[PDB]
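In what follows, every chain begins at residue 1, and chains take the letters A, B, ... in the order their sequences are listed.
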Amino acid sequence: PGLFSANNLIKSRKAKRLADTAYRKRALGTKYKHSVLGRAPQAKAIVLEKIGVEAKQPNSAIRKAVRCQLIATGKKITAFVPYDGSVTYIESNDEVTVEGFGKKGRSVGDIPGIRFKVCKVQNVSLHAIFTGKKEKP
Amino acid sequence: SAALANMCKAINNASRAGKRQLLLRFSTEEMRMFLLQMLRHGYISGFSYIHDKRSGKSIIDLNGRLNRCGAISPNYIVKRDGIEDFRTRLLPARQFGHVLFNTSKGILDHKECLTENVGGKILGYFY
Amino acid sequence: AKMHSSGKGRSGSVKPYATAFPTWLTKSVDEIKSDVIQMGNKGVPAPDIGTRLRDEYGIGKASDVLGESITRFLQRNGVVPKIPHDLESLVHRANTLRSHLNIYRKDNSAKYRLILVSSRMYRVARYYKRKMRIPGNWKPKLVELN
RNA sequence: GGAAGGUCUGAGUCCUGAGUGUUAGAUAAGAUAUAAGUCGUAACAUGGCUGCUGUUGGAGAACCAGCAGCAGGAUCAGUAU
RNA sequence: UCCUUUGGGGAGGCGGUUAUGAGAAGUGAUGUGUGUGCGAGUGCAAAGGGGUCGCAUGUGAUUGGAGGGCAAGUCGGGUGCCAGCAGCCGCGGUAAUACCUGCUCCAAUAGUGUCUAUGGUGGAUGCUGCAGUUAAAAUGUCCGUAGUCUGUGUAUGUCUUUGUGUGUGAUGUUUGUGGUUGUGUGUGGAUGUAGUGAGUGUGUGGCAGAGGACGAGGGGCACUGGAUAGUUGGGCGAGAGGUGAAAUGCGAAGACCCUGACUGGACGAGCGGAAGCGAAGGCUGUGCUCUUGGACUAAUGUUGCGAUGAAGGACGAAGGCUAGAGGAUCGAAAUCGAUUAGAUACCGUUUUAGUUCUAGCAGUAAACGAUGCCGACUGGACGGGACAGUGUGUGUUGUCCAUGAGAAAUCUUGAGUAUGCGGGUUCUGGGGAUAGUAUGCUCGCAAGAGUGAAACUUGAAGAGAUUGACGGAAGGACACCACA
RNA sequence: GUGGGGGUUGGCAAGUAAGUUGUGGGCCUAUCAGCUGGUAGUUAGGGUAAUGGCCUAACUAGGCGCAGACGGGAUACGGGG
């Protein structure tokens, strides 16, 4: 910290900064390498199967999900179908738009292992079919 | 300027204990210019120093009026436009206290440096 | 605050402020100078000369009789050793350790002393080369470890 | 350059050698979340053989034994003729 | 508008289309429609629009919420750990303020919600301005090069060169986002002035040398003390050993016990302590010898020769490994005998590697005070160890009390000297787990050491203290539902 | 010039434009530490509108680096903004 010591301080403080995880993904350029949709905010997919998942205790339930196929990259994923009685509009070989959950890539609530969420069903909003504003596909 | 910082910690220690005098076993030339600027502003009674062909000695006479003194290391370089930012960081209010600089005209506090159009290196403060 | 240990002792001498010239001298001033210049010819080192002046002649500070320090007086009279006494005591200590280690190999205590004694001797040599008192290529003459 | 040809710039083809990525593979060692479990009981009380650290041998499994160390111990300590 | 200015021009201009952003008006009102439509005139290359007039005319709210965070209902009816909700904490099992449906109310309003990236939030990256005894974190120990710091690169007047942005005045496009219009500012350079004067002398930190003392500091040599085991002479005559209790195993070829002689390895009791020394790991028989340290005492020499320290180097408990020597005691592994529901264990018998020395390799520990190094300053009481003095001093060190500090337990030459925050100079940490694991590289005979990730997973894991409950915990009282 | 040999009317100065050249600046990375053969320089010539290893002939052995060289990576056009 003398008045002629600024090269020793830039060298020292750059190395401490790498111990932050959020900064380390950006600095080393590996923030989109292991990510099922890359840089997109939403994505399309075609529906293979229609399964049911248990809630994680201390909650008793069975949450309805679907197994899909990402049209853009050919990766398999599972997504969660939100509302009441809404898993029965979809069929197999349907197309669906999925997006995130909103918590940085972790699961939310008592739903284990699922990181995505169905949003549309054949270009129609799923939330509008449930409120009665639009008609099923 | 290692002797200037040693002196300010020994002064804060005695001013808190209620001492009247302080004897230090060292004395330098610019340690005596800092003390002569507290005397003309009313914050100490006086001092005196001895010549022994060792590092020197000095005796300070305290008053009862000092709240704190400090030194800044390293001695940054401040233009005459940056004088006023160092004042808001170091003094408690806008009406009292003194920040001292080592300019090309001697040692001056922050009111004189503005009436002479100069900057310099910061040394310390007291209020 | 010693160099190679954590010792903090403060012992030592304190010379007076503003000395004077001794009156109690028994010999002459010119008869004393011809003896300080004699002991320098027999190879007596300068810290040991000042101990004879103090104990046997009454001279406490030889800068008041010779007119200057001891090793500047001997220089004008043409007595300039090849190496200063500080540096050559350290070469000699590092040779007596090197020849003890040639008979008693397992003395790990003396092997640690040889490291510290000898890095102290390369620091003092670097000072006399900055100051032009020995050549820029001087090397210590050392017993050879086996 | 009279011409046969020479010179410079040099795409492309054919072959070898490093690099930096990404990926298929019979078999197969882990980790984690589960269910619903089977076998024991190593730790927490002197946890029923005080506990832990390094090292080297052994056992279905926790773990057990030898050599040194630590108290984060179950002792801040006990009458010299 | 310009280029090539009645030639050419998809440059450029003019509309249309679209919840791109920003600004401004509406969805009514009682005395006498802020809208929509048409007609003149204006406008243009030709037209939309707009604004100045008139004629009729009368239309125009949603999105997200109501348990807490966080403004707003214990309102009706359905469902019964189901269906569903919920960023986070959480709700639902016939007694739902949290789900589905109906009312009522709340916030913003031509808008209002969701997914993704990013600034603040974050003194949760710390120049200003964090933390490191026990929560994550001071490295096993010294030496040491580059660098940083110490010892011996500045401010300011005048001129010049460069911004489309922006700070700040003026100005009623009906108001406004705007437009027009005054002034200031951003980087380098030239030339003056001020600091600014220079090595000297002195010897304050360090080092080198002197004097008399002190120390289980180290290597080597020569001797010595008894106990464990064994060999061999004499005595005795049936069991000895060890266990909670016994069993295997040893004993009439005389054990065990008592005595005279010897041999061999290992170890150095008592004295022995909150005592000393060494860089740390470590070091207690006696006498010789070669080496070593810090303190003290002083009118000795020198003259700043220094502090910290990636890279480099040496040393480093126990166990292990390689060669030779040695072999008392103890003892992993193996093996039997017990105990047990079963014990490959705790307890025991037979018996090994190892445990010792010489020469090396290796490089780890709860290598701990779980506590970088150097420098300045600071109350008491009772001690110890060395040196010097004479009624005290310097270097070290143990216990106990304040002040102060701390999340507290606690700390007292520091864990003190104010968020009142800067003395010099390093290292390490950034929620838990995956994991000190994979992979690459360097070192090793090996066993391994050093350096050192990610995918995937998850809401706490942790520190210190408080009151209870419990202990195959310790005490002190008691009682013919306890003994004597 | 005491012989001869070339060229076919192409200019000067401002202004405008263009080419060439010196030093200095926080993308990340050491599981990237040593790199370089026209490579560093000298002397001559060629080529160019023009300086210069820009190119050739001969000769010397240089040049850069923890104040990070030489390498490798990520969604790298630089500024005014």
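- Using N1 to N3 plus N6-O4 or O6-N4 for Watson-Crick, or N1-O2 and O6-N3 for G-U wobble, each under 3.5 Å, D:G10 pairs with nothing.
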Q: Dump the intermediate steps for salt bridge (charged side-chain N to carboxylate O under 4.0 Å, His left out) on C:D35 and C:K27, then the final yes or no.
A: CA-CA 11 Å; C:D35 298 1; C:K27 313 198 188 305; over 6 Å; no

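- Contacts of C:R105 with the nucleic acid, taken as non-hydrogen atoms under 4.0 Å apart, are absent.
- Between E:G209 and E:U5 there is no Watson-Crick or G-U wobble pairing whose two distances both come in under 3.5 Å.
- For A:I111, counting side-chain heavy atoms from C-beta on, the closest listed nucleotide (E:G219, E:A86, F:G26) is E:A86.
- Closest to the A:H34 side chain, of the nucleotides E:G219, E:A455, E:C377, is E:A455.
- The furanose ring of E:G16 falls on the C3'-endo (north) side of the pseudorotation cycle, as its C1'-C2'-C3'-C4' torsion is above zero.
- Of the candidates E:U156, F:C28, E:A279, the closest approach to any side-chain atom of B:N117 belongs to E:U156.
- When the P atom of E:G220 is taken as reference, atom OH of C:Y104 falls 10 Å away, rounded to whole Å.
- Checked against E:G218, E:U125, E:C85, the side chain of C:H100 finds its nearest nucleotide in E:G218.
- Using a 4.0 Å heavy-atom criterion, one finds that B:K121 contacts no nucleic acid atom at all.
- Base-pair partner of E:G379: E:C401 (Watson-Crick or G-U wobble, both distances under 3.5 Å).
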Q: Give the B/S/- string for nucleotides 416-428 of chain E, one per nucleotide from 5' to 3', where a protein heavy atom under 4.0 Å of the base yields B, of only the sugar-phosphate yields S, and otherwise -.
A: -BB-BSBBSS--B

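- Rounding to whole angstrom units, CG of residue C:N95 and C1' of E:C290 are separated by 16 Å.
- Judged by ring centres under 5.5 angstrom and plane angles under 30°, E:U164 does not stack onto its neighbour E:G165.
- Within the 4.0 angstrom heavy-atom criterion, no nucleotide atom of any strand lies near B:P92.
- When the P atom is compared between E:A261 and E:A227, the two are found 14 Å apart, to the nearest whole Å.
- Taking atom P in both E:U425 and E:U442, one finds a spacing of 38 Å when rounded to whole Å.
- Within 4.0 Å (heavy atoms only), A:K14 reaches at least one base atom of the nucleic acid.
- In this structure, B:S1 and B:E30 have side chains that are in contact, with non-hydrogen atoms separated by less than 4.5 Å.
- When heavy atoms are screened at a 4.0 angstrom cut-off, A:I62 is found touching the sugar-phosphate backbone but no base atom.
- For the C1' atoms, the distance linking E:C470 with E:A461 amounts to 26 Å, nearest Å.
- Using bins of under 30°, 30° to 60° and over 60° for the plane-to-plane angle, the ring pair C:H100/C:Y104 lands in the tilted bin.
- Rounded to whole Å, atom P of E:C130 lies 19 Å from atom CG of A:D20.
- Under the Watson-Crick or G-U wobble criterion, with both distances below 3.5 Å, D:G30 is left unpaired in every strand shown.
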Q: Encode nucleotides 295-307 of chain E as B, S and - characters from 5' to 3', where the letter depends on protein heavy atoms closer than 4.0 Å: B to the base, S only to sugar-phosphate, - to neither.
A: SBBBBBSSSSBSS

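- Here the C1' atom of nucleotide E:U116 and the NZ atom of A:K117 are 12 Å apart, to the nearest Å.
- With distances taken from any side-chain atom of A:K64 to the nucleotides E:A83, F:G26, E:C115, the minimum falls on E:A83.
- Using a 4.0 Å heavy-atom distance criterion, A:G102 is classed as a sugar-phosphate-only contact.
- F:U23 and F:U36: their P atoms are spaced 24 Å apart (whole Å).
- In this structure, the ring of B:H110 has its center no less than 6.0 angstrom from the ring center of B:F101.
- Comparing E:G217 with E:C387, their P atoms are spaced 16 Å from each other, to the whole Å.
- Using a 4.0 Å heavy-atom cutoff across all strands shown, A:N59 reaches at least one base atom of the nucleic acid.
- Comparing E:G64, E:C85, E:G205 by their closest approach to the side chain of B:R54 singles out E:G205.
- The side chain of A:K103 lies closest to E:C88 when the candidates are E:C377, E:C88, E:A155.
- Residue note: E:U419 shows a south-type sugar, the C1'-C2'-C3'-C4' torsion being below zero.
- In this entry the distance linking NZ of A:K56 with P of D:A33 reads 12 Å, nearest Å.
- Closest approach to the A:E99 side chain among E:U292, E:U156, E:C115 is made by E:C115 (side chain taken as heavy atoms from C-beta onward).
- Among the atoms of the strands shown, only primed sugar atoms or phosphate atoms (P, OP1, OP2) are found under 4.0 Å from some heavy atom of A:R115.
- When the side-chain nitrogen and oxygen atoms of B:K79 are compared with OP1 and OP2 of E:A155, one or more of them lie within a distance under 4.0 Å.
- Comparing E:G379 with E:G144, their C1' atoms sit 43 Å apart, to the nearest whole Å.
- Checking F:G25 for Watson-Crick or G-U wobble geometry (two distances, each under 3.5 Å) identifies no partner in any strand.
- Using a 4.0 Å heavy-atom criterion, one finds that A:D110 contacts the bases of the nucleic acid, with or without backbone contacts as well.
- Along RNA chain E, the nucleotide nearest B:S55 and the nucleotide nearest A:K11 are compared for position; the residue whose nucleotide lies closer to the 5' end is B:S55.
- The CZ atom of A:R106 sits 13 Å away from the P atom of E:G432 (whole-angstrom rounding).
- At a threshold of 4.5 Å between non-hydrogen side-chain atoms, the residues B:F126 and B:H98 count as touching.
- Between E:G21 and E:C106, the two key atom distances do not both fall under 3.5 Å in a Watson-Crick or G-U wobble layout, so no such pair is counted.
- Regarding contacts with the backbone of E:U292, every side-chain N or O of C:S109 stays at 4.0 angstrom or more from both OP1 and OP2.
- When Watson-Crick and G-U wobble pairs are counted only if both distances are under 3.5 Å, E:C478 pairs with no nucleotide at all.
- Between the P atoms of E:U177 and E:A170, the separation comes to 15 Å (whole Å).
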Q | B:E112 and B:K105: CA distance, side-chain angles, deciding distance, salt bridge (charged side-chain N to carboxylate O under 4.0 Å, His left out) verdict | A | CA-CA 10 Å; B:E112 315 182 62; B:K105 297 180 178 179; over 6 Å; no

Q) Reading nucleotides 71-78 of chain F 5' to 3', which nucleotides get B (base under 4.0 Å from a protein heavy atom), which S (sugar-phosphate only), which -? A) ---SB---

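- A positive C1'-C2'-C3'-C4' dihedral is found for the sugar of E:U200, placing it in the north range.
- Only the P atoms considered, E:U356 is 16 Å distant from E:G265, to the nearest whole Å.
- In this structure, C:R133 reaches neither bases nor backbone, as no heavy-atom distance under 4.0 Å exists between it and the strands shown.
- Using the sign of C1'-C2'-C3'-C4' as the criterion, E:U34 is classed as south-puckered.
- The nucleotide F:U42 finds its pairing partner in F:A58, both defining distances of the Watson-Crick or G-U wobble pair being shorter than 3.5 Å.
- Nucleic acid contact class of A:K25 (heavy atoms, under 4.0 Å, all strands): sugar-phosphate only.
- The distance between atom CD of A:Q57 and atom P of E:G93, rounded to the nearest whole Å, is 18 Å.
- Atom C1' of nucleotide E:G293 and atom CG of C:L97 are separated by 13 Å, given to the nearest angstrom.
- The side chain of C:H85 places no N or O atom within less than 4.0 Å of a non-bridging phosphate oxygen (OP1 or OP2) of E:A210.
- Taken together, F:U31 and F:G7 fail the test for a Watson-Crick or G-U wobble pair, since the two needed distances are not both under 3.5 Å.
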